[PDB]
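The basis for the numbers below is simple: all heavy atoms, side chains too, and nothing from hydrogens, waters or symmetry mates. Chain naming here is simple, since letters A, B, ... match the order of the sequence lines and numbering starts at 1 in each. Numbering of ligands and ligand atoms starts at 1, following listing order.
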Amino acid sequence: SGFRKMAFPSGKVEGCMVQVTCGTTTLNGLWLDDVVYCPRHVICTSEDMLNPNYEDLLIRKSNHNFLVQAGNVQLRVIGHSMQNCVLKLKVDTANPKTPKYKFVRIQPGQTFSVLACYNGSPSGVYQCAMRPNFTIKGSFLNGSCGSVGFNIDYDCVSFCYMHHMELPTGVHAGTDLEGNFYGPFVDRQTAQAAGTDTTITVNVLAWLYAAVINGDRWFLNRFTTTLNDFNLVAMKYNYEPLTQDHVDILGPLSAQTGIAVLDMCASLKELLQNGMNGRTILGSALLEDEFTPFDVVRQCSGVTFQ
Amino acid sequence: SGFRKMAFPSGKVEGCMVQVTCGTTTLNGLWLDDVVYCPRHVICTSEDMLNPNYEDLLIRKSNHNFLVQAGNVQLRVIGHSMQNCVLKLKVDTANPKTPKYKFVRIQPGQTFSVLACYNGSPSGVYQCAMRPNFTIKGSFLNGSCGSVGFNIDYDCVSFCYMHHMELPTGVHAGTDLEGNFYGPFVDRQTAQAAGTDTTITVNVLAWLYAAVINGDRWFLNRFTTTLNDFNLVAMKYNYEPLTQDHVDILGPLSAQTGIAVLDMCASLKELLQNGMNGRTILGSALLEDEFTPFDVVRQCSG
Ligand SMILES: O=C(NCCC(F)(F)F)[C@@H]1CN(c2ccc(Cl)c(Cl)c2)CCN1C(=O)c1cc(=O)[nH]c2ccccc12
Ligand SMILES: O=C(NCCC(F)(F)F)[C@@H]1CN(c2ccc(Cl)c(Cl)c2)CCN1C(=O)c1cc(=O)[nH]c2ccccc12
């Protein structure tokens with residue numbers, strides 16, 4: 001029993017974290033085989049942050065302008081290139097701890113684990129979701145750029161995020177490992193701000209199913225609703241529309257609990273209109289939307305507490 | 001910026017997790033140097049659980065009754081012994097991945113990272129607090145026993161918890177790595193249940209400071225209170241009393257924010273008496289008590 005924000009074990013990623021220094025700027029890099037990946041803004045200087053020309057900045061660099069350190073070991077940079085917003089430093093040594101890995105771009109509403117790192121050294125691991133507005137509500141301080149987000153399936157690490165910057169609201173923005181930003185953000189100094197965000201409806205429903213599996217049933221009701229009438233309520237409360245595919249994805253949780261999806265929707269409708277009246281669900285007094293259906297099935301028992 | 005329930009990187013502990021099988025019972029063990037540590041109830045059978053005599057059960061075992069499995073490599077057990085509620089299986093191979101480590105027992109109100117494991121294979125990592133009633137609100141399924149809790153200081157892993165059982169309310173109980181249970185719980189079948197719990201006051205205050213550091217200020221006010229007047233309110237809402245040592249511990253956070261500890265106590269008193277009026281603090285609609293002052297400083301340096 002129990003339900004926690006649970007990250008993947010981080011050891012496979014810890015063995016890939018290195019420190020990349022260019023000029024007086026130091027941040028984290030990801031060392032996989034003989035390539036080190038890091039944010040390209042490591043080559044920026046305080047003078048040129050307003051509107052940097054990265055092709056110009058890079059052509060003016062040599063291999064010896066990049067210092068890479070893995071633990072106490074210095075890695076010799078033998079090549080450098082840019083792929084969109086990531087720098088790729090070829091080094092003369094393949095990482096012996098390289099796991100099986102993939103570069104995967106995730107969808108808004110999907111979750112991943114973040115390994116927060118500083119000076120090439122991991123400090124903590126936590127679970128994040130990609131917001132509908134393509135920000136993440138991370139926990140990052142100065143020196144954290146180059147930290148990565150990932151999922152692990154079987155023994156394979158699917159890297160999905162590299163951290164680049166913090167927006168004025170305190171949320172965070174970054175790229176996939178191909179250097180393509182999540183959302184309408186750029187690696188320069190502007191009045192960049194997160195767009196309007198919405199609540200991830202399918203995830204809230206998944207979390208209500210987790211609660212039923214864990215014995216919280218107070219919010220259930222006899223009522224039901226149509227998909228269209230629920231979506232009318234969702235729009236009013238800044239929830240994402242629920243699709244038939246989402247209803248299908250919730251199938252296994254529906255089957256394990258014996259609660260039809262549209263019955264759980266009726267329950268969510270009442271929670272939005274009435275609140276919780278001082279009660280809690282899975283130790284929260286608000287509707288949590290950063291657990292996917294997959295996270296719920298992964299963590300919860302296969303049998304319901306009847 | 002930002003504030004998350006953050007666990008320690010788990011790699012150093014993942015390299016220590018093994019699978020222990022005795023009879024038909026399989027659970028997790030912790031492999032450090034040439035010793036494997038696991039819950040002694042691995043030697044129990046379904047019949048002998050109302051009043052197991054672990055001395056009797058263990059004298060009836062030999063080394064070959066224990067199968068230890070490190071990934072795909074079977075470790076040969078060359079000795080077996082019991083230390084309180086943990087079993088110690090001496091194996092013919094020292095773990096080459098043994099980190100620097102200590103066995104430390106934690107206090108109620110302190111936090112640690114849990115590496116949830118199944119069949120010797122880690123599955124997830126999350127942060128936990130030891131409740132005042134010596135339970136932990138973990139997330140554990142069948143096969144999770146022998147999962148460990150730990151903190152990391154520099155390079156050294158301080159193991160503080162090994163998972164033994166789940167209580168009827170869905171909370172969890174276990175031992176330190178010397179095999180001594182946290183709280184009044186036993187590794188046998190009884191009606192045992194979690195005792196009355198309280199809210200960890202010093203941690204709530206630490207989390208309010210984390211909120212202020214991250215820009216949540218709506219709960220602040222110009223009012224103050226005395227330590228004794230606050231503790232009168234704490235007792236009314238089932239909060240632990242606040243000590244001067246607690247006030248001292250909160251000093252750095254008070255200094256960083258410029259908010260006196262007793263001023264934050266006044267804010268907490270109002271939050272306890274009035275609620276949040278539909279507002280939130282660091283993304284929560286309730287007062288969180290599973291972050292220590294250390295956790296807040298480690299994560300809120302800026
Ligand atoms: O300020 C930095 N440190 C030296 C970089 C310099 F100044 F030398 F350039 C970096 C680099 N940085 C950046 C740089 C260039 C460009 Cl073009 C762009 Cl888009 C971004 C973003 C901020 N950074 C963080 O580490 C950071 C990440 C975070 O999530 N939260 C924070 C909260 C507070 C303070 C810092 C951070
Ligand atoms: O029930 C079990 N499974 C093997 C049964 C056999 F073979 F041991 F009999 C174990 C062993 N087990 C125990 C055993 C002996 C003794 Cl003396 C004592 Cl005090 C306890 C406790 C429950 N267990 C868990 O793994 C477990 C931990 C958890 O946190 N949540 C759960 C939620 C649901 C289901 C299981 C779990």
Side-chain angles (χ1 to χ4, degrees), chain A residues 1-2 21-28 39-45 48-49 51-52 54 57 85 114 116-119 135-147 163-168 170-175 181 185-188 190 192 214 300-302, chain B residues 1-2 21-28 39-45 48-49 52 54 57 85 114 116-119 135-147 163-168 170-175 181 185-188 190 192 214 300-302:
Chain A
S1 301
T21 296
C22 191
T24 65
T25 297
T26 289
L27 46 62
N28 308 280
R40 71 180 180 173
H41 64 54
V42 65
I43 72 178
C44 286
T45 65
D48 209 9
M49 240 145 264
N51 188 70
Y54 285 99
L57 293 175
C85 296
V114 174
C117 297
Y118 297 92
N119 295 117
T135 64
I136 70 175
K137 290 180 181 179
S139 180
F140 288 123
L141 300 171
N142 183 40
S144 58
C145 299
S147 299
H163 183 49
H164 289 241
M165 67 200 187
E166 176 175 310
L167 295 169
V171 300
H172 301 101
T175 68
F181 259 96
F185 305 113
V186 295
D187 51 356
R188 60 178 141 104
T190 58
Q192 270 180 124
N214 279 264
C300 288
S301 174
Chain B
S1 293
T21 295
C22 182
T24 55
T25 302
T26 289
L27 45 61
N28 307 281
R40 74 180 176 170
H41 65 57
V42 68
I43 71 173
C44 280
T45 66
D48 218 7
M49 287 183 183
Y54 284 94
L57 298 171
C85 298
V114 170
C117 292
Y118 298 91
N119 299 114
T135 66
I136 69 170
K137 297 180 186 293
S139 178
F140 289 123
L141 301 175
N142 186 32
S144 58
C145 301
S147 302
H163 184 46
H164 287 246
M165 73 200 191
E166 187 175 297
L167 295 173
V171 301
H172 299 102
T175 69
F181 259 94
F185 306 113
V186 292
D187 50 0
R188 78 183 128 95
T190 68
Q192 57 194 321
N214 279 277
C300 290
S301 311

J.: For A/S147 and A/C117, indicate whether the former's side chain and the latter's backbone hold a donor-acceptor pair under 3.5 Å.
T.: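 Yes: the side chain of A/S147 pairs with the backbone of A/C117.
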J.: Going by distance only, is there an N or O of A/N142 that falls short of 3.5 Å from an N or O of ligand 1?
T.: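 There is such a contact, yes.
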J.: If I take atom CZ from residue A/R40 and atom SG from residue A/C22, how far apart are they, to the nearest 0.5 angstrom?
T.: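 With rounding to 0.5 Å, CZ (A/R40) is 14.0 Å from SG (A/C22).
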J.: Can you tell which part of B/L141 has a heavy atom less than 4.0 Å from ligand 2: side chain, backbone, both or neither?
T.: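 For B/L141, the contact with ligand 2 is made by the backbone alone.
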J.: For this output row, return yes or no: ring centroids of B/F185 and B/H164 closer than 6.0 angstrom.
T.: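 Judged by ring-centre distance (under 6.0 Å), B/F185 and B/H164 do not meet the cut-off.
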J.: For A/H163, take its heavy atoms, then give the atoms of ligand 1 lying under 4.0 Å from any of them.
T.: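 By the 4.0 Å cutoff, the relevant atoms are 27 (C), 28 (C), 29 (O).
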J.: Run the numbers for me: atoms of ligand 1, each under 4.0 Å from some heavy atom of A/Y54, listed by number.
T.: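 Checking each atom against A/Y54, I get 17 (Cl).
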J.: I'd like to check whether A/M49 has a polar contact with ligand 1, where a contact means an N/O of the residue lying under 3.5 Å from an N/O of the ligand.
T.: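 The answer is no, given that A/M49 and ligand 1 share no N or O pair closer than 3.5 Å.
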J.: I need the minimum non-hydrogen distance between A/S139 and A/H172, along with the two atoms involved.
T.: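 Looking at all heavy atoms of both residues, the closest pair is N-CE1, 3.9 Å.
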J.: If you measure from SG on A/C145 to NE2 on A/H163, what distance do you get to the nearest 0.5 Å?
T.: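 A/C145 SG to A/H163 NE2: 5.0 Å, rounded to 0.5 Å.
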J.: Atoms of ligand 1 less than 4.0 Å from A/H172 heavy atoms?
T.: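 Listed by number with element: 29 (O).
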J.: What is the distance from atom CG of B/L27 to atom CG of B/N119, rounded to the nearest 0.5 Å?
T.: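 Interatomic distance, B/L27 CG to B/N119 CG, rounded to 0.5 Å: 9.5 Å.
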J.: Would you check whether B/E166 has a nitrogen or oxygen atom less than 3.5 angstrom from a nitrogen or oxygen atom of ligand 2?
T.: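 N/O-N/O distance under 3.5 Å: yes.
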J.: Keeping the roles fixed (side chain from A/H41, backbone from A/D187), state whether a donor-acceptor pair exists under 3.5 Å.
T.: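 No; judged by distance alone, with no hydrogens or angles, the pair does not exist.
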J.: Could you tell me whether A/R188 and ligand 1 have an N or O pair separated by under 3.5 Å?
T.: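 No, since none of the N or O atoms of A/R188 sits under 3.5 Å from an N or O of ligand 1.
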J.: Do the side chain of B/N214 and the main chain of B/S1 share a donor and acceptor less than 3.5 angstrom apart?
T.: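 Side chain of B/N214 to backbone of B/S1, a donor-acceptor pair under 3.5 Å: no, none is there.
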J.: Does A/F185 approach ligand 1 within less than 4.0 angstrom via side chain, backbone, both or neither, non-hydrogen atoms only?
T.: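 For A/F185, there is no contact with ligand 1 at all, from either part.
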J.: Would you call A/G143 a ligand 1 contact, heavy-atom distance under 4.0 Å?
T.: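 In this structure, A/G143 qualifies as a contact of ligand 1 - some heavy atom is under 4.0 Å.
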J.: Looking at ligand 1, is there an atom of it that comes within less than 4.0 Å of some heavy atom belonging to A/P52?
T.: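 So A/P52 does not count as touching ligand 1.
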J.: Is there a side-chain contact between A/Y118 and A/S144, using heavy atoms and a 4.5 Å cut-off?
T.: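 Side chain of A/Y118 against side chain of A/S144, heavy atoms only: contact under 4.5 Å found.
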J.: Can you list the ligand 1 atoms lying under 4.0 Å from a non-hydrogen atom of A/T25?
T.: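 Within the 4.0 Å cut-off of A/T25, ligand 1 contributes 8 (F).
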J.: Please indicate whether any nitrogen or oxygen in B/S1 is less than 3.5 Å from any nitrogen or oxygen in ligand 1.
T.: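 It does not: no N or O of B/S1 is found under 3.5 Å from an N or O of ligand 1.
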J.: What atoms of ligand 2 come closer than 4.0 angstrom to any heavy atom of B/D187?
T.: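 With B/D187 as reference, the close atoms of ligand 2 come out as 17 (Cl), 19 (Cl).
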